[PDB]
Structures are given as C-alpha cells and as structure tokens.
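Have a look at the structure below before the remarks.
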Amino acid sequence: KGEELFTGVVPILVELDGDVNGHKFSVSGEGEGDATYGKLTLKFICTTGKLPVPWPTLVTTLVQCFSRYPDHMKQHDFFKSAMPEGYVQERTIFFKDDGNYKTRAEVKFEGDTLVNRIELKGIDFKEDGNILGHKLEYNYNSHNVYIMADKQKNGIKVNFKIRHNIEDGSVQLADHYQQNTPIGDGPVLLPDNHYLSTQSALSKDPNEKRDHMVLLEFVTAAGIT
C-alpha cells in the first residue's frame with residue numbers, strides 16, 4: 001500500500017518554523033525524492049532573512065520515507081507503510097556542551113507531494129557557542145541511524161549521533177533521540193532492529209542571494225542480512 005507511492009520520483013515540500021533562544025525564523029524547501037535509489041535533492045531558503053543558526057544543524061530536521069530499503073528488508077520499512085496518512089516525527093537534539101532542539105513534524109502526502117511540516121524550538125544555547133556563534137563548517141558527515149519498534153505507540157524509536165565539523169578542526173556532537181507514530185489508524189510495519197546509513201553533500205546555488213542550502217543525500221537501510 002504505502003510503498004507503492006514511492007516507486008518513482010516524488011516531489012517534496014518542507015516548511016519549518018523555528019525559534020532558537022528567541023531568534024525566530026522560517027525555512028521553505030523544495031525538491032524531489034527517489035526512494036528506489038535512496039536519493040533526495042532539495043533546496044532550502046530562509047524566508048525570514050538570515051538564518052540564525054548554521055544550516056548544517058537543521059539537516060536532520062528538514063523525510064526518511066525516501067530511504068532505500070533493500071528488498072529483503074522491505075517488511076521493516078515503517079516510514080513508507082504509514083503513507084499516505086503519514087506520521088508524526090518528534091526529536092530532542094542535544095548539542096554537546098550547548099543547547100538543545102526539540103522538534104515536532106508531520107510527514108504526509110498532500111496530493112502527489114510529500115510534505116514535511118515542522119515546528120522547532122531551541123533553548124539553552126550559548127551566545128558564542130558553535131551554533132549561535134556560527135562556528136560550524138558548511139559540510140556534512142555520514143552516519144548510522146538506529147531504529148527499533150515502539151509497539152505501545154504503534155511506532156518506532158530512533159537514536160543516533162550527528163557529528164558537525166567545527167571551523168577549528170574539532171567536532172560538535174548532536175545526540176538525536178527520536179519517536180515516530182502513525183497519523184492514520186491502519187497497520188504499519190513495526191520493524192526489527194536495524195539502521196540507516198546516510199551521506200549528505202551541502203552546496204550553494206551560485207545565482208541565489210537569499211540565505212539557502214542545497215542538499216544531495218543518499219540513505220540505505222541495513223543491518224539485517
């Protein structure tokens with residue numbers, strides 16, 4: 001049922017409103033996903049002016065239904081199974097020795113288009129830490145995203161560690177704790193334990209003068225053979 005919605009190229013819309021230490025901002029993104037290849041291509045624009053946090057810190061917040069699940073793992077793909085009604089995705093992201101983001105998003109189809117609508121709230125950030133101080137490099141590392149069933153909520157629980165390169169050569173860790181629960185009442189796939197292997201490339205549109213991020217991302221499910 002849900003998986004059939006992902007056999008081809010799907011348009012994606014992302015809309016985020018944020019407030020980090022009282023700095024309010026909005027981000028809009030557009031692009032497309034091709035789950036057959038685990039592939040996402042998107043361009044994000046800060047629609048309120050200058051983004052008050054580094055772009056890389058928003059990548060995880062800004063559609064894991066575009067992950068490539070190998071055929072032998074298709075019974076473990078919660079994300080697609082919740083479609084088209086969708087799922088709620090909630091996180092706390094702990095920036096080591098700094099503040100935290102808490103996010104809530106709804107991921108679902110509107111017509112033909114896969115939409116990610118997010119509210120983000122950041123608190124306890126240091127004024128001249130790596131986030132508010134803009135000390136993170138404009139790049140992105142490759143990670144493993146660990147997934148387990150959460151049967152009482154008919155959903156999944158997800159944990160991983162994001163590594164952000166700091167401009168001095170060091171690393172800013174961002175520990176992610178995540179919960180996804182279906183919006184609809186229908187059956188979903190509750191998975192055995194497994195992970196997603198991720199890679200992401202960040203770039204700039206040379207003709208774009210707005211504060212923005214171009215993202216190319218590949219993600220593949222693994223850990224069950």
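So what is the relative contact order of the range 180-220, in percent, for Cα pairs below 8 Å that sit 6 or more residues apart? Write out the running numbers ahead of the final one.
Working: 31 pairs, mean separation 15.3, N = 41.
Dividing the mean separation by the residue count of the range 180-220 yields 37 percent.
Calculate the spin-label point distance for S26 paired with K209, positioning each point 7 Å from the Cα along the beta-carbon direction, and give it in nanometres.
Output for this residue pair reads 2.2 nm.
Just to be sure I understand the model, the point goes 7 Å from the Cα along the line to the Cβ. What's the resulting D168 to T7 distance in nm?
According to this spin-label approximation, the distance is 5.4 nm.
Which residue, chosen from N154, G31, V10, occupies the Cα position most advanced towards the positive end of the dipole of the chain, where the dipole is computed from +1 (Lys, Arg) and -1 (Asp, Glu) charges on Cβ about the Cα centre?
Highest projection toward the positive end goes to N154.
Given a Förster distance of 35 Å, report the FRET efficiency between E110 and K157 from their Cβ-Cβ distance, rounded to the nearest 0.05. Write down the numbers at each step before the final one.
Working: r = 27 Å, r/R0 = 0.76.
FRET efficiency, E110 to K157: 0.85.
Based only on Cα atoms, what mean projected area does the convex hull of the range 59-125 have, in nm²? Mind dumping the intermediate values first?
On the way: hull surface 22.1 nm².
Its average projected convex-hull area is 5.5 nm².
Hey, what do the phi angles of the range 187-192 turn into as Karplus ³J(HN,Hα) couplings, whole Hz, using 6.51/-1.76/1.60 and θ = phi - 60°, x for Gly and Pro?
Per residue, the Karplus-derived 3J(HN,Hα) values read x, 10, 8, 9, x, 5 Hz.
In whole Hz, with x marking every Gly and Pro, tabulate ³J(HN,Hα) for the range 212-225 from phi via Karplus 6.51 cos²θ - 1.76 cosθ + 1.60, θ = phi - 60°.
Taking θ as phi minus 60°, the curve returns 7, 8, 9, 10, 10, 9, 10, 9, 10, 6, 7, x, 10, 10 Hz for the range 212-225.
Over what distance in Å are the Cα centres of the range 1-45 and the range 158-225 separated?
12 Å
Taking square-rooted eigenvalues a ≥ b ≥ c of the alpha carbon gyration tensor, is the range 1-59 rounded, prolate or oblate, where a/c under 1.5 means rounded and, failing that, a/b exceeding b/c means prolate? List each step's numbers first, then the result.
Numbers: a/c = 2.95, a/b = 2.74, b/c = 1.08.
Here the range 1-59 falls in the prolate category.
Once phi is turned into ³J(HN,Hα) by the Karplus curve 6.51 cos²θ - 1.76 cosθ + 1.60 with θ = phi - 60°, what whole-Hz value does each residue of the range 74-89 show in order, with x for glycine and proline?
4, 6, 10, 8, 4, 4, 6, 5, 7, 7, x, 5, x, 9, 8, 10
Positive end of the charge dipole of the range 139-225 (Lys, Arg +1 and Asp, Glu -1 on Cβ, about the Cα centre): tell me which of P206, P187, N141 has its Cα farthest that way.
Final value for the positive-end residue is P187.
At 10 °C and 1.306 mPa s, grab the translational diffusion coefficient of the range 1-117 from Stokes-Einstein with a Kirkwood Rh over Cα pairs, rounded to a whole number in µm² per second.
Working: Rh = 15.2 Å.
Estimated diffusion coefficient is 104 µm²/s.
Quick one: pull the percentage of alpha-carbon pairs in the chain with a separation above 22 Å. All intermediate terms of the calculation are to be shown ahead of the outcome.
Numbers: 12517 of 25200 pairs.
When every Cα pair of the chain is considered, 50 percent fall beyond 22 Å.
Where a number appears in this text, it was derived from the coordinates with a stated rule and is not lab data. Quick reminder, even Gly has a Cβ in these numbers, built from the backbone with ideal geometry, and neighbours come from all protein chains shown.
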